[PDB]
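Given next are the chains, with one letter for each unit.
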Amino acid sequence: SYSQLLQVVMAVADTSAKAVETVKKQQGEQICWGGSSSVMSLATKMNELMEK
Amino acid sequence: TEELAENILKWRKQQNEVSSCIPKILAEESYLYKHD
């Protein structure tokens, strides 16, 4: 009984650790817009996009 | 991402159809100028 209770508690602990890791990934803004050259190039694509 | 995908493909097809339609317009204008 203690055996599967320890596997339960470590399992939910690893679940919480992966939850915190996914929180850091979601709130970490993984997209970086490619520094400075890529963001101005992307801006050039939107100025070409609103050419319509 | 796919929104800019149909956006880019519609710009490319639009300019291609314009490039193909420039002949008739230029022919009409040149024949209008060459006719008194």
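Up top is the structure.
These remarks concern the structure in this document. Throughout, residue numbers begin from 1 within each chain and advance along the sequence as written. They need not agree with those in the entry, and any residue without coordinates is left out. Both sets of labels track the order of writing: A upward for chains, 1 upward for ligands. What you see is one piece of a larger assembly, and the values refer to that piece, not the whole. Remark: hydrogens and water are excluded; side-chain values derive from all non-hydrogen atoms of the structure.

This part covers the overall build of chain A. Numbered from the N terminus, helices here are DSSP runs of H or I no shorter than four residues, and strands are runs of E no shorter than two. Tallying secondary structure elements over chain A gives two helices and zero strands in all. The C-alpha atoms of chain A give 22 Å as radius of gyration, which overshoots the globular expectation for 52 residues (10 Å, by more than 25%). With the principal axes as the frame, chain A shows a C-alpha extent of 70 × 25 × 10 Å. Burial here depends on accessible area, computed with a 1.4 Å probe over protein chains only, as a share of the maximum for the residue type. Under 20% is buried, over 50% is exposed, and the range in between is partly exposed. In chain A, which comprises 52 residues, the proportion classed as buried is 0%. A radius of gyration in this sense is built from C-alpha atoms; the matching globule rule multiplies 2.2 Å by the number of residues raised to 0.38.

It is worth spelling out the environment of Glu 51 of chain A at this point. Within the secondary structure layout, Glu 51 of chain A lies in the segment after helix 2 (37-49). Given the relative accessible area of 47%, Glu 51 of chain A is considered partly exposed.

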